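Content type mmCIF, C-alpha atoms; chains and numbers go by the auth columns, from the file query.cif:
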```cif
data_start
#
loop_
_atom_site.group_PDB
_atom_site.id
_atom_site.type_symbol
_atom_site.label_atom_id
_atom_site.label_comp_id
_atom_site.label_asym_id
_atom_site.label_seq_id
_atom_site.Cartn_x
_atom_site.Cartn_y
_atom_site.Cartn_z
_atom_site.B_iso_or_equiv
_atom_site.auth_seq_id
_atom_site.auth_asym_id
ATOM 1 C CA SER A 1 13.676 27.625 -11.837 0.00 1 W
ATOM 2 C CA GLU A 2 15.635 30.545 -13.612 0.00 2 W
ATOM 3 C CA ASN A 3 15.509 28.406 -16.881 0.00 3 W
ATOM 4 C CA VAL A 4 11.830 28.640 -18.228 0.00 4 W
ATOM 5 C CA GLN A 5 11.229 24.797 -18.629 0.00 5 W
ATOM 6 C CA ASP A 6 9.869 23.322 -15.248 0.00 6 W
ATOM 7 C CA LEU A 7 7.670 20.377 -16.537 0.00 7 W
ATOM 8 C CA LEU A 8 7.468 16.524 -15.966 0.00 8 W
ATOM 9 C CA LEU A 9 6.536 14.366 -19.092 0.00 9 W
ATOM 10 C CA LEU A 10 4.995 11.413 -17.064 0.00 10 W
ATOM 11 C CA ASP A 11 1.445 10.191 -16.019 0.00 11 W
ATOM 12 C CA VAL A 12 2.265 10.197 -12.202 0.00 12 W
ATOM 13 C CA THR A 13 0.111 10.093 -8.991 0.00 13 W
ATOM 14 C CA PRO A 14 1.658 12.481 -6.257 0.00 14 W
ATOM 15 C CA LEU A 15 1.817 9.915 -3.307 0.00 15 W
ATOM 16 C CA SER A 16 3.150 6.335 -2.748 0.00 16 W
ATOM 17 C CA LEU A 17 -0.064 4.295 -2.169 0.00 17 W
ATOM 18 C CA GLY A 18 0.077 1.327 0.312 0.00 18 W
ATOM 19 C CA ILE A 19 -1.871 -0.607 2.974 0.00 19 W
ATOM 20 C CA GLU A 20 -2.776 -0.163 6.705 0.00 20 W
ATOM 21 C CA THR A 21 -2.656 -3.743 8.191 0.00 21 W
ATOM 22 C CA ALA A 22 -2.573 -6.010 11.436 0.00 22 W
ATOM 23 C CA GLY A 23 -2.291 -3.108 13.972 0.00 23 W
ATOM 24 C CA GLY A 24 -2.960 -0.340 11.301 0.00 24 W
ATOM 25 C CA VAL A 25 0.577 0.004 9.747 0.00 25 W
ATOM 26 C CA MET A 26 1.931 0.347 6.168 0.00 26 W
ATOM 27 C CA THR A 27 3.794 -1.486 3.494 0.00 27 W
ATOM 28 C CA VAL A 28 4.607 0.531 0.261 0.00 28 W
ATOM 29 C CA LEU A 29 5.497 -1.432 -2.828 0.00 29 W
ATOM 30 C CA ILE A 30 4.597 1.827 -4.906 0.00 30 W
ATOM 31 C CA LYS A 31 6.649 5.209 -4.819 0.00 31 W
ATOM 32 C CA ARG A 32 6.203 9.124 -4.717 0.00 32 W
ATOM 33 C CA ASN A 33 5.477 10.637 -8.227 0.00 33 W
ATOM 34 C CA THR A 34 4.828 7.011 -9.453 0.00 34 W
ATOM 35 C CA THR A 35 4.255 6.434 -13.250 0.00 35 W
ATOM 36 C CA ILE A 36 0.742 4.910 -12.860 0.00 36 W
ATOM 37 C CA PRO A 37 -0.920 2.658 -14.313 0.00 37 W
ATOM 38 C CA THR A 38 1.157 -0.027 -12.458 0.00 38 W
ATOM 39 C CA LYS A 39 0.772 -3.642 -11.123 0.00 39 W
ATOM 40 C CA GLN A 40 2.940 -4.409 -8.011 0.00 40 W
ATOM 41 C CA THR A 41 2.877 -7.652 -5.867 0.00 41 W
ATOM 42 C CA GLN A 42 3.781 -7.709 -2.109 0.00 42 W
ATOM 43 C CA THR A 43 3.570 -11.234 -0.490 0.00 43 W
ATOM 44 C CA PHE A 44 2.254 -11.104 3.134 0.00 44 W
ATOM 45 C CA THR A 45 1.890 -14.263 5.328 0.00 45 W
ATOM 46 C CA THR A 46 -0.520 -15.279 8.201 0.00 46 W
ATOM 47 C CA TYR A 47 -0.590 -15.546 12.125 0.00 47 W
ATOM 48 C CA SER A 48 -2.455 -18.824 13.227 0.00 48 W
ATOM 49 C CA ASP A 49 -1.326 -22.404 12.291 0.00 49 W
ATOM 50 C CA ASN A 50 -3.272 -23.366 9.097 0.00 50 W
ATOM 51 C CA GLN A 51 -5.632 -20.745 7.361 0.00 51 W
ATOM 52 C CA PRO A 52 -6.203 -17.130 8.806 0.00 52 W
ATOM 53 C CA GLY A 53 -8.090 -14.556 6.470 0.00 53 W
ATOM 54 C CA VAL A 54 -6.821 -11.003 5.901 0.00 54 W
ATOM 55 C CA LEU A 55 -8.621 -7.658 6.551 0.00 55 W
ATOM 56 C CA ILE A 56 -6.778 -5.245 4.122 0.00 56 W
ATOM 57 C CA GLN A 57 -7.266 -1.410 4.592 0.00 57 W
ATOM 58 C CA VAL A 58 -5.767 1.061 1.931 0.00 58 W
ATOM 59 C CA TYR A 59 -4.046 4.248 3.130 0.00 59 W
ATOM 60 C CA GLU A 60 -2.530 6.617 0.471 0.00 60 W
ATOM 61 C CA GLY A 61 0.470 7.835 2.693 0.00 61 W
ATOM 62 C CA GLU A 62 2.162 7.348 6.257 0.00 62 W
ATOM 63 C CA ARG A 63 5.474 7.627 8.334 0.00 63 W
ATOM 64 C CA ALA A 64 6.396 4.327 10.299 0.00 64 W
ATOM 65 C CA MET A 65 2.901 3.691 11.123 0.00 65 W
ATOM 66 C CA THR A 66 -0.356 4.737 12.684 0.00 66 W
ATOM 67 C CA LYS A 67 0.259 8.515 11.933 0.00 67 W
ATOM 68 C CA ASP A 68 -2.962 9.438 9.877 0.00 68 W
ATOM 69 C CA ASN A 69 -2.614 9.688 6.000 0.00 69 W
ATOM 70 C CA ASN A 70 -5.465 9.209 3.345 0.00 70 W
ATOM 71 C CA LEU A 71 -7.790 6.207 4.123 0.00 71 W
ATOM 72 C CA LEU A 72 -9.721 4.869 1.158 0.00 72 W
ATOM 73 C CA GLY A 73 -11.188 1.422 0.318 0.00 73 W
ATOM 74 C CA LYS A 74 -10.664 -1.636 2.586 0.00 74 W
ATOM 75 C CA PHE A 75 -11.811 -5.299 2.044 0.00 75 W
ATOM 76 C CA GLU A 76 -11.774 -8.784 3.773 0.00 76 W
ATOM 77 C CA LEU A 77 -10.044 -11.558 1.674 0.00 77 W
ATOM 78 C CA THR A 78 -10.516 -15.174 2.910 0.00 78 W
ATOM 79 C CA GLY A 79 -9.994 -18.817 1.754 0.00 79 W
ATOM 80 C CA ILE A 80 -6.293 -19.411 2.729 0.00 80 W
ATOM 81 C CA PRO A 81 -3.954 -22.464 1.814 0.00 81 W
ATOM 82 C CA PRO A 82 -3.413 -24.425 5.228 0.00 82 W
ATOM 83 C CA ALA A 83 0.344 -24.655 6.147 0.00 83 W
ATOM 84 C CA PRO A 84 1.997 -24.692 9.751 0.00 84 W
ATOM 85 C CA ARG A 85 2.204 -20.951 11.023 0.00 85 W
ATOM 86 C CA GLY A 86 4.040 -17.962 9.186 0.00 86 W
ATOM 87 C CA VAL A 87 3.999 -20.176 5.950 0.00 87 W
ATOM 88 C CA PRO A 88 0.083 -19.896 4.908 0.00 88 W
ATOM 89 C CA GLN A 89 0.240 -16.723 2.641 0.00 89 W
ATOM 90 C CA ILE A 90 -1.307 -13.937 0.476 0.00 90 W
ATOM 91 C CA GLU A 91 -0.181 -11.503 -2.309 0.00 91 W
ATOM 92 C CA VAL A 92 -1.596 -7.950 -1.677 0.00 92 W
ATOM 93 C CA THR A 93 -1.503 -6.972 -5.400 0.00 93 W
ATOM 94 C CA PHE A 94 -1.828 -3.248 -6.424 0.00 94 W
ATOM 95 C CA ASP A 95 -3.082 -2.694 -10.028 0.00 95 W
ATOM 96 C CA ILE A 96 -3.461 1.176 -10.326 0.00 96 W
ATOM 97 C CA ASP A 97 -5.364 2.810 -13.317 0.00 97 W
ATOM 98 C CA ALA A 98 -4.141 6.114 -15.013 0.00 98 W
ATOM 99 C CA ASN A 99 -6.436 8.638 -13.034 0.00 99 W
ATOM 100 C CA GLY A 100 -4.929 7.325 -9.632 0.00 100 W
ATOM 101 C CA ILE A 101 -7.635 4.577 -9.220 0.00 101 W
ATOM 102 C CA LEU A 102 -6.364 1.559 -7.214 0.00 102 W
ATOM 103 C CA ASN A 103 -7.643 -1.995 -8.110 0.00 103 W
ATOM 104 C CA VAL A 104 -6.382 -3.668 -4.817 0.00 104 W
ATOM 105 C CA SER A 105 -6.338 -7.497 -5.174 0.00 105 W
ATOM 106 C CA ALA A 106 -5.448 -9.877 -2.241 0.00 106 W
ATOM 107 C CA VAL A 107 -4.427 -13.257 -3.804 0.00 107 W
ATOM 108 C CA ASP A 108 -4.089 -16.659 -2.037 0.00 108 W
ATOM 109 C CA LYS A 109 -1.611 -17.393 -4.967 0.00 109 W
ATOM 110 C CA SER A 110 -0.622 -21.111 -4.264 0.00 110 W
ATOM 111 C CA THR A 111 -4.519 -21.550 -4.086 0.00 111 W
ATOM 112 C CA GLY A 112 -4.919 -19.096 -7.210 0.00 112 W
ATOM 113 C CA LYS A 113 -7.698 -17.129 -5.463 0.00 113 W
ATOM 114 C CA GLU A 114 -8.243 -13.298 -5.504 0.00 114 W
ATOM 115 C CA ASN A 115 -10.892 -10.726 -4.446 0.00 115 W
ATOM 116 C CA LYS A 116 -10.476 -7.045 -5.570 0.00 116 W
ATOM 117 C CA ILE A 117 -11.727 -3.468 -4.810 0.00 117 W
ATOM 118 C CA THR A 118 -11.489 -0.568 -7.415 0.00 118 W
ATOM 119 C CA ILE A 119 -10.864 2.585 -5.264 0.00 119 W
ATOM 120 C CA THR A 120 -11.945 5.838 -7.040 0.00 120 W
ATOM 121 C CA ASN A 121 -9.871 8.854 -5.695 0.00 121 W
ATOM 122 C CA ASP A 122 -12.829 11.255 -4.946 0.00 122 W
ATOM 123 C CA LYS A 123 -12.735 11.907 -1.099 0.00 123 W
ATOM 124 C CA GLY A 124 -9.644 13.681 0.298 0.00 124 W
ATOM 125 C CA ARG A 125 -7.758 15.588 -2.531 0.00 125 W
ATOM 126 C CA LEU A 126 -4.436 15.925 -0.596 0.00 126 W
ATOM 127 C CA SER A 127 -2.454 17.510 -3.541 0.00 127 W
ATOM 128 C CA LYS A 128 0.556 19.842 -2.911 0.00 128 W
ATOM 129 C CA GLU A 129 0.271 20.285 0.928 0.00 129 W
ATOM 130 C CA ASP A 130 -0.305 16.663 2.284 0.00 130 W
ATOM 131 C CA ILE A 131 2.216 15.078 -0.267 0.00 131 W
ATOM 132 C CA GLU A 132 5.050 17.747 0.402 0.00 132 W
ATOM 133 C CA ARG A 133 4.507 17.453 4.286 0.00 133 W
ATOM 134 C CA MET A 134 3.726 13.594 4.548 0.00 134 W
ATOM 135 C CA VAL A 135 5.760 11.682 1.805 0.00 135 W
ATOM 136 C CA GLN A 136 9.148 13.596 2.251 0.00 136 W
ATOM 137 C CA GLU A 137 9.228 12.178 5.871 0.00 137 W
ATOM 138 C CA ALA A 138 6.903 9.069 5.096 0.00 138 W
ATOM 139 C CA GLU A 139 7.461 6.940 1.839 0.00 139 W
ATOM 140 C CA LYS A 140 11.042 8.279 1.330 0.00 140 W
ATOM 141 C CA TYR A 141 11.910 7.889 5.152 0.00 141 W
ATOM 142 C CA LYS A 142 9.628 4.725 5.522 0.00 142 W
ATOM 143 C CA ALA A 143 11.276 2.238 3.014 0.00 143 W
ATOM 144 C CA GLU A 144 14.453 4.121 4.467 0.00 144 W
ATOM 145 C CA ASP A 145 12.920 3.374 8.093 0.00 145 W
ATOM 146 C CA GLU A 146 13.907 -0.110 6.424 0.00 146 W
ATOM 147 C CA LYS A 147 10.613 -1.627 5.325 0.00 147 W
ATOM 148 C CA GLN A 148 9.282 0.553 8.198 0.00 148 W
ATOM 149 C CA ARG A 149 6.609 -1.573 9.667 0.00 149 W
ATOM 150 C CA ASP A 150 6.873 -4.467 7.095 0.00 150 W
ATOM 151 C CA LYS A 151 8.308 -6.725 10.006 0.00 151 W
ATOM 152 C CA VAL A 152 4.966 -6.607 11.736 0.00 152 W
ATOM 153 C CA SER A 153 2.641 -9.261 13.470 0.00 153 W
ATOM 154 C CA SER A 154 3.914 -12.806 12.378 0.00 154 W
ATOM 155 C CA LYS A 155 6.835 -12.234 9.826 0.00 155 W
ATOM 156 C CA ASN A 156 5.016 -10.298 6.940 0.00 156 W
ATOM 157 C CA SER A 157 1.311 -10.816 8.232 0.00 157 W
ATOM 158 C CA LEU A 158 -1.660 -8.340 8.210 0.00 158 W
ATOM 159 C CA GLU A 159 -3.124 -10.464 11.110 0.00 159 W
#
```

Show me, as structure tokens, the structure contained in the file I just sent.
Amino acid sequence: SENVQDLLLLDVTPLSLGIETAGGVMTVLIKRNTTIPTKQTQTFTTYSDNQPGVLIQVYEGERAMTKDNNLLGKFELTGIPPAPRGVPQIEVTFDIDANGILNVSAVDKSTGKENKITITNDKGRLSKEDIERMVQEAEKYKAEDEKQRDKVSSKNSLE
């Protein structure tokens, strides 16, 4: 501020990037001003007894959910391990590249089975205004909402 040295020596993306799920709500395993590239692993479960199939939708942003932050990507992952209700499960894995490019991989991990989307950050360009207004009340006050909308449909399920 008064001292002429206001600079951050880190390759960071401005927002905490997560996923819009079962009824359109978030889970953020990332963080605001995150030192990308980064591989995080959030284990979600399923709703029906023996083998659902998850429709994942990526939203960069959002206060305890269905506000309206930055939608990009989305994919359907299917081929689930059959166990009896709330126990069949999937790892929504987030492998981000250095220019804020999200390789989103849903893994049926006991089954060792993944499908992935590489999201290029071209449509939106939120920058200073959407990150200062949305993440100070969202990602900060969202894992502080207390895994906001993480306790969702059936335990941790995006169905």

Considering only C-alpha atoms, tabulate each residue of stretch 14-82 of chain W that lies at most 8 Å from stretch 146-158 of chain W along with its nearest interatomic pair and the corresponding distance in Å to one decimal; arrange the rows by chain and ascending residue number and present them as a tab-separated table.
```
residue	atom	partner	partner_atom	distance
W:21	CA	W:158	CA	4.7
W:22	CA	W:158	CA	4.1
W:23	CA	W:158	CA	7.8
W:25	CA	W:149	CA	6.2
W:26	CA	W:149	CA	6.1
W:27	CA	W:150	CA	5.6
W:43	CA	W:156	CA	7.6
W:44	CA	W:156	CA	4.8
W:45	CA	W:157	CA	4.5
W:46	CA	W:157	CA	4.8
W:47	CA	W:154	CA	5.3
W:54	CA	W:158	CA	6.2
W:55	CA	W:158	CA	7.2
W:56	CA	W:158	CA	7.2
W:64	CA	W:148	CA	5.2
W:65	CA	W:149	CA	6.6
```

Which residue gives the smallest distance to residue W:89 among W:107, W:117, W:102, W:10, with all atoms listed in the file counted?
W:107

Can you list, as a short mmCIF file (atom, residue, chain, number, x, y, z; two decimals) with C-alpha atoms, in the coordinates of the input, every protein, DNA or RNA residue that comes within 7 Å of residue W:15 when you count all atoms listed in the file, leaving out same-chain residues fewer than 5 positions away?
```
data_model
loop_
_atom_site.label_atom_id
_atom_site.label_comp_id
_atom_site.auth_asym_id
_atom_site.auth_seq_id
_atom_site.Cartn_x
_atom_site.Cartn_y
_atom_site.Cartn_z
CA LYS W 31 6.65 5.21 -4.82
CA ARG W 32 6.20 9.12 -4.72
CA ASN W 33 5.48 10.64 -8.23
CA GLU W 60 -2.53 6.62 0.47
CA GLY W 61 0.47 7.84 2.69
CA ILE W 131 2.22 15.08 -0.27
CA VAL W 135 5.76 11.68 1.80
#
```

By how many Å are atom CA of residue W:138 and atom CA of residue W:41 apart?
20.4 Å

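In this comparison, which uses only C-alpha atoms, the residue of W:91, W:101, W:86, W:119 approaching residue W:13 most closely is W:101.
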
What does the distance between atom CA of residue W:36 and atom CA of residue W:142 come to in Å, to one decimal place?
20.4 Å

Quick one, how far is atom CA of residue W:81 from atom CA of residue W:111?
6.0 Å

When the PyMOL selection byres ((chain W and resi 18) around 9) is applied to the file above, which residues end up in the set, as a ChimeraX atom specification?
/W:16-17,19-20,26-30,57-62,94

Nearest to residue W:105, restricted to all atoms listed in the file and choosing among W:125, W:85, W:67, W:74, comes out as W:74

Evaluate the PyMOL selection byres ((chain W and resi 95) around 6) and report residues as a ChimeraX atom specification:
/W:38-39,94,96,103

Pick from W:50, W:34, W:129, W:24 nearest to residue W:8, counting all atoms listed in the file:
W:34

Pick from W:14, W:84, W:79, W:100: nearest to residue W:53, with only C-alpha atoms counted?
W:79

So, counting all atoms listed in the file, which residue among W:90, W:7, W:134, W:83 is closest to residue W:115?
W:90

Box time for stretch 125-140 of chain W: axis-aligned, enclosing all its listed atoms, 6 Å extra on each side; report centre and edge lengths in Å to one decimal, as lines of an AutoDock Vina configuration file.
```
center_x = 1.6
center_y = 13.6
center_z = 1.2
size_x = 30.8
size_y = 25.3
size_z = 21.4
```

Could you write stretch 78-125 of chain W of the block just shown to a file containing C-alpha atoms, as a short mmCIF file (atom, residue, chain, number, x, y, z; two decimals), in the first residue's frame?
```cif
data_model
loop_
_atom_site.label_atom_id
_atom_site.label_comp_id
_atom_site.auth_asym_id
_atom_site.auth_seq_id
_atom_site.Cartn_x
_atom_site.Cartn_y
_atom_site.Cartn_z
CA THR W 78 -21.39 -43.99 -15.55
CA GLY W 79 -20.40 -47.62 -14.74
CA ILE W 80 -20.77 -47.68 -10.89
CA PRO W 81 -19.66 -50.50 -8.34
CA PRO W 82 -23.05 -52.08 -7.00
CA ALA W 83 -23.33 -51.77 -3.15
CA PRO W 84 -26.59 -51.30 -0.94
CA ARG W 85 -27.57 -47.46 -1.04
CA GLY W 86 -25.25 -44.44 0.06
CA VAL W 87 -22.22 -46.92 -0.20
CA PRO W 88 -21.85 -47.20 -4.24
CA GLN W 89 -19.39 -44.24 -4.87
CA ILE W 90 -17.35 -41.86 -7.11
CA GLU W 91 -14.26 -39.55 -6.78
CA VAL W 92 -14.89 -36.16 -8.54
CA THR W 93 -11.15 -35.50 -9.18
CA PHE W 94 -9.96 -31.94 -10.16
CA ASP W 95 -6.60 -31.85 -12.04
CA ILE W 96 -6.12 -28.10 -12.98
CA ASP W 97 -3.40 -26.97 -15.54
CA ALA W 98 -1.31 -23.70 -15.06
CA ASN W 99 -3.49 -21.31 -17.32
CA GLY W 100 -6.66 -22.14 -15.12
CA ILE W 101 -7.70 -25.15 -17.34
CA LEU W 102 -9.65 -27.80 -15.37
CA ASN W 103 -9.22 -31.55 -16.29
CA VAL W 104 -12.35 -32.77 -14.30
CA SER W 105 -12.24 -36.58 -13.80
CA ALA W 106 -15.12 -38.58 -12.14
CA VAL W 107 -13.63 -41.93 -10.94
CA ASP W 108 -15.53 -45.10 -9.87
CA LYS W 109 -12.27 -45.78 -7.82
CA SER W 110 -13.03 -49.28 -6.25
CA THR W 111 -13.90 -50.17 -9.97
CA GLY W 112 -10.74 -48.06 -11.19
CA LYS W 113 -12.81 -46.30 -13.89
CA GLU W 114 -12.61 -42.58 -14.94
CA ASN W 115 -13.94 -40.26 -17.70
CA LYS W 116 -12.53 -36.67 -17.97
CA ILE W 117 -13.26 -33.22 -19.55
CA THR W 118 -10.47 -30.55 -20.13
CA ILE W 119 -12.27 -27.17 -19.59
CA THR W 120 -10.50 -24.23 -21.37
CA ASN W 121 -11.28 -20.88 -19.52
CA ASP W 122 -12.37 -18.80 -22.62
CA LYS W 123 -16.09 -17.82 -21.99
CA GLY W 124 -16.82 -15.57 -18.98
CA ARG W 125 -13.59 -13.70 -17.85
#
```
